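I have placed the structure first, in the form of structure tokens, so that the comments after it can refer back to it.
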Number of protein chains: 2
Amino acid sequence: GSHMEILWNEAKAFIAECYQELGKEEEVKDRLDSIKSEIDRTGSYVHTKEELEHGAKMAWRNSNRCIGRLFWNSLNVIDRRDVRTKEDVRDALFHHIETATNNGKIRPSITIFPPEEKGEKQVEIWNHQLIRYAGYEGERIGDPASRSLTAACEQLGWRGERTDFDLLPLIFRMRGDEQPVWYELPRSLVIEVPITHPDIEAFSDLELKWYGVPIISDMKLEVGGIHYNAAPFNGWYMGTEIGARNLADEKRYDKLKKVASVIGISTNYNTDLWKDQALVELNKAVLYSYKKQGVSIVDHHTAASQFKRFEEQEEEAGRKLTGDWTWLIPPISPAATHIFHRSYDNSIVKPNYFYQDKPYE
Amino acid sequence: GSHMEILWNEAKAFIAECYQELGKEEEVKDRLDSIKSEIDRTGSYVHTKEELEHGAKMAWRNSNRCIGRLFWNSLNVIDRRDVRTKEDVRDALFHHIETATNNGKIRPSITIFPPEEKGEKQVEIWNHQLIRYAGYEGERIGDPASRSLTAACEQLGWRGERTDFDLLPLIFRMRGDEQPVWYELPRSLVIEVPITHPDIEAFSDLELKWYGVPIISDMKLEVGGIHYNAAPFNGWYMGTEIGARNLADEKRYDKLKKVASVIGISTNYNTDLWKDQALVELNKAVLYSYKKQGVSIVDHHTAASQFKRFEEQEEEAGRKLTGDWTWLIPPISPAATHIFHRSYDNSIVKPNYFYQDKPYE
Ligand code: HEM
Ligand code: HEM
Ligand SMILES: Nc1nc2c(c(=O)[nH]1)N[C@@H](CNc1ccc(C(=O)N[C@@H](CCC(=O)O)C(=O)O)cc1)CN2
Ligand SMILES: Nc1nc2c(c(=O)[nH]1)N[C@@H](CNc1ccc(C(=O)N[C@@H](CCC(=O)O)C(=O)O)cc1)CN2
Ligand SMILES: NC(=[NH2+])NCCC[C@H](N)C(=O)O
Ligand SMILES: NC(=[NH2+])NCCC[C@H](N)C(=O)O
């Protein structure tokens, strides 16, 4: 009924905009007629290799919360709409990790899995990120942010060693199955970086480490009415995501007091700004460590400078800029970046990546 | 017409809410009848000493952009609705600086001047803050943020020494005068704090200083339909306002590179996070210097902790909390405070302080 109507309206808007940017404005008429016939025949339509490649790229370009958008057009799109089995999905996820890692020289990539047909999913990825650490709760072990997913993996037969850095398994559900399946990640495929400091030798005593590639696997890619619920993507890390959030937040690894102790400063007074000094050294340490191991990473000052060039290029291309200031500003020294000193329109423009309900909560 | 209607509607809402908090719910009926008779007779109404005192307090409590709201009920309200001459306004502004400074032990205060009667102002303060530094532009001298006001003061006969820290004069306009008048601030009345560091001796070479009390003098206080366009207020500084903004912003004093040089670190690479380290030391220096001189100041961690207790007390009192996250989060280490990790409703609740158009721009 109204589902076939919304699908056709978003398809008309996408094909026109997509082909206008690709320099194929005259091919819009014939393509839109074939799509109308396909929606009436099947109830959906299949994108061409050029369409979803540019659709995933436009989706990144429209991602309000992303500071790394300057590199939108260099996205490596892997088409895996041919997957049928759980082994095919596993192989595709393993391949994504390998090719995106690229021995440290991270390539921004996205793997496109089959979309939803009649509202129901073909492949459903439960992982927040393909590579992530487990969390347990006596006292707190691991990543608190992963507690509910870890509990879901354990209810399926998986069991972790209970260290602070247990790699979660790949957990996904195929159409036809009531429950998901899990696969342990091969250690050779996952690059991890131990955290050391350039000047302070004692920093290694903290025994901190983090994985190299952030691969968000639970967001829905929407391209012209077509819902790609399973479409894992990755860029490289901005240092602050690890040193100012993952390892610093009270509800995460909460390492600021321990960092303050190894760098030789007191945790006695708020006025001494020990949390600030600890944040600076931990963040300097993360950038140094990744660089030493040859794993791509960017600092917040360089990332903001790259983002300014994105703002300039969008105005030069004639497109409106959309952004979410609350997410674009870095968690440390935001006022030292141009982002803090300007405003952004938080309007949602399609194609884009959206949040979807967690099947384990 | 509609002006007498809006005035009566806001008066009804204020008196009911004001007396409900003061425990005088039965006195609402008789007071509202006297106010109706006054609006029909004069076209406005005069607040009692208890009314505007609590009105200014509620206005601070409703200030979305303020982190120091825990101390709302301790506000020192000075009633200067009796001022008639330029000398009376000058004496009142001089007195506000003196009593608010209180030899360093800063008292949060507000001076209430006569409100607008028929849309026209009785006293119009041009200063953004009662104590502020001049700005000129060859090269840049002083505070760039004060350029337009400094130009306005110079067009009136004032002339500064052209140092980086010239105190702007008090500049205000009386009803009946086409142009404003100016008065130079006596040096004895203005407390200034030289910036030194606790561990780094060379920090004094930067010759940085700032004034002790931030007295915002260009905002409009609105209490029950009555517009107090001239109502200067002050609290004490949160360290970051000086060390992370006033002395750090590129469009302000822009001292980060100079700070990095005196603390012995290189400005070569973004990855070394020199801006972050410079921010930490400059901010540690500001807190130390004010404390050494006995001038009240608060760090961002303690201020956020005080603000959390405000959130708790408002829920315990039965009032809805309103806030502007973009302004409540500190400019350095925001993720180390609870503010960053929650949401706030940015709804405007009256009584409040509002921005008004600048008469010099
Ligand atoms: C090239 C390197 C990249 C960098 C430096 C970068 C950086 C960032 C940062 C700092 C955030 C905030 C993360 C957080 O606070 O949790 C973010 C969010 C986001 N990024 Fe990017 N990104 C990159 C690539 C990508 C790619 C390849 C895509 C899409 C194809 C993308 C899509 C998004 C989206 C949708 C969000 C929001 C996620 C959420 O709401 O949780 N990013 N990015
Ligand atoms: C007791 C100490 C106080 C502290 C620690 C405090 C702190 C702050 C801070 C950090 C800001 C942001 C300033 C900026 O970024 O420019 C602010 C804004 C503000 N404060 Fe407070 N404050 C205090 C007292 C007061 C008082 C006494 C009033 C009112 C009677 C008040 C009214 C406001 C308002 C209206 C704003 C917004 C100003 C604007 O929009 O430019 N504050 N305060
Ligand atoms: N303490 C304090 N904080 C501040 C400033 C300050 O002087 N003091 N100055 C500010 C600089 N000016 C603004 C004002 C408003 C907004 C703003 O509103 N921004 C978002 C809102 C985004 C969103 O809702 O997603 C936007 O992009 O439109 C941004 C910068 C920022 N924060
Ligand atoms: N990089 C990055 N930035 C972040 C988060 C992140 O994970 N990554 N996590 C965020 C924590 N969660 C939120 C999400 C939205 C809002 C938000 O919307 N806040 C304002 C908006 C205020 C206003 O408009 O004035 C509010 O108070 O309602 C606040 C915190 C904040 N910023
Ligand atoms: N740089 C990126 N693409 N980040 C995506 C989100 C990663 C998340 N913030 C993390 O710390 O794991
Ligand atoms: N703590 C306060 N009451 N601040 C009011 C604003 C002061 C302004 N931010 C300044 O740096 O001068």
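Here Cβ is always computed from backbone atoms with ideal geometry, including for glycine, and neighbour counts include all displayed protein chains. The values are calculated or read from the model by the stated rules, or taken from the named source; these are not laboratory values.
Could we say that B:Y237 is surrounded by 21 or more Cβ atoms within 10 Å (Cβ to Cβ) and either hydroxyl-bearing (S, T, Y) or within 16 Å of ligand 5 (Cβ to nearest atom) (or both) here? In short, yes. Of all residue pairs spaced 6 or more apart or on separate chains, those with beta-carbon atoms under 7 Å, a first member in region A:54-72 that is among the charged types (D, E, K, R) and a second member that is outside any helix (DSSP H, G or I) and more than 16 Å from ligand 3 (Cβ to nearest atom) are A:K57/A:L75. Selection of region A:211-245 for residues being among the acidic types (D, E) and within 16 Å of ligand 4 (Cβ to nearest atom) yields A:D218, A:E241.
Looking for something within 20 Å of the chain's Cα centre (by Cα) and over 21 Å from B:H301 (Cα atoms) - is there at least one such residue anywhere in region A:260-270? No, the conditions are met nowhere in region A:260-270. Would you check which residues across region B:75-86 are touching a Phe, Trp or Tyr at 6+ places or on another chain (Cβ under 7 Å) and exposed (fewer than 14 other Cβ atoms within 10 Å of the Cβ) and list them? Hits for region B:75-86: nothing passes. Candidates A:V286, A:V262: the one that is more than 11 Å from chain B (Cβ to nearest Cβ) and either within 16 Å of ligand 6 (Cβ to nearest atom) or touching a helix residue (DSSP H, G or I) at 6+ places or on another chain (Cβ under 7 Å) (or both) is A:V262. Quick check on B:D276: is it at the interface with another protein chain (Cβ under 8 Å from one of its Cβ atoms), more than 16 Å from ligand 6 (Cβ to nearest atom), surrounded by fewer than 21 Cβ atoms within 10 Å (Cβ to Cβ) and more than 30 Å from B:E53 (Cβ to Cβ)? No. Considered as a group, the residues in region A:311-331 that are within 16 Å of ligand 5 (Cβ to nearest atom) and within 11 Å of another protein chain (Cβ to nearest Cβ) include one that is farthest from A:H300 (Cα to Cα), and that residue is A:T326. Considering region B:197-254, the residues that are of a type in the set (V, I, T) and within 24 Å of B:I6 (Cβ to Cβ) include one that is nearest to ligand 2 (Cβ to nearest atom), namely B:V223. For region B:40-60, a residue qualifies if it is within 17 Å of B:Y228 (Cα to Cα) and assigned to a helix (DSSP H, G or I), and the qualifying residues are B:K49, B:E50, B:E51, B:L52, B:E53, B:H54, B:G55, B:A56, B:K57, B:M58, B:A59, B:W60. Summed over region A:317-338, residues that are more than 16 Å from ligand 2 (Cβ to nearest atom) and either within 24 Å of A:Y353 (Cα to Cα) or within 23 Å of the chain's Cα centre (by Cα) (or both) total 15. State whether one or more residues within region B:87-96 are surrounded by fewer than 16 Cβ atoms within 10 Å (Cβ to Cβ) and either under 30 Å from B:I39 (Cα atoms) or not charged (D, E, K, R) (or both). Yes, region B:87-96 contains a residue that is surrounded by fewer than 16 Cβ atoms within 10 Å (Cβ to Cβ) and either under 30 Å from B:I39 (Cα atoms) or not charged (D, E, K, R) (or both).
Is at least one residue of region B:144-158 within 20 Å of B:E116 (Cβ to Cβ) and surrounded by fewer than 21 Cβ atoms within 10 Å (Cβ to Cβ)? Checked against the condition, which is being within 20 Å of B:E116 (Cβ to Cβ) and surrounded by fewer than 21 Cβ atoms within 10 Å (Cβ to Cβ), region B:144-158 yields no hits at all.
Filtered by the rule that a residue be surrounded by fewer than 19 Cβ atoms within 10 Å (Cβ to Cβ), closer than 18 Å to B:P198 by Cα and more than 10 Å from every other protein chain (Cβ to nearest Cβ), region B:289-310 gives B:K292, B:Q293, B:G294, B:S296. For region B:322-350, the candidate set comprises residues that are of a type in the set (S, T, Y) and under 26 Å from A:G243 (Cβ atoms); within that set, the residue that is nearest to ligand 3 (Cβ to nearest atom) is B:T326. In region B:69-79, the qualifying residues are those that are out of contact with any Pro (no Cβ under 8 Å at 6 or more places or on another chain) and either under 21 Å from B:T322 (Cα atoms) or in a loop (DSSP other than H, G, I, E, B) (or both), and the one that is nearest to ligand 3 (Cβ to nearest atom) is B:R69. Taking (1) touching a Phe, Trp or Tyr at 6+ places or on another chain (Cβ under 7 Å); (2) within 14 Å of another protein chain (Cβ to nearest Cβ) in turn, B:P359 satisfies each apart from (2).
The set of residues from region B:311-348 being under 30 Å from B:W126 (Cα atoms), surrounded by fewer than 17 Cβ atoms within 10 Å (Cβ to Cβ) and more than 16 Å from ligand 6 (Cβ to nearest atom) comprises B:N346, B:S347, B:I348.
When each of B:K257, B:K251, B:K291, B:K275 is tested for being in the same structural domain as B:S204 (by CATH), of a type in the set (K, R) and assigned to a loop (DSSP other than H, G, I, E, B), the lone residue that passes is B:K251. Restricting attention to region B:193-244, the residues that are out of contact with any strand residue (DSSP E or B) (no Cβ under 7 Å at 6 or more places or on another chain) and more than 16 Å from ligand 3 (Cβ to nearest atom) total 17. Looking only at residues of region B:231-248 that are assigned to a loop (DSSP other than H, G, I, E, B), within 12 Å of chain A (Cβ to nearest Cβ) and of a type in the set (G, A, S), we find that the one that is farthest from B:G55 (Cα to Cα) is B:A248.
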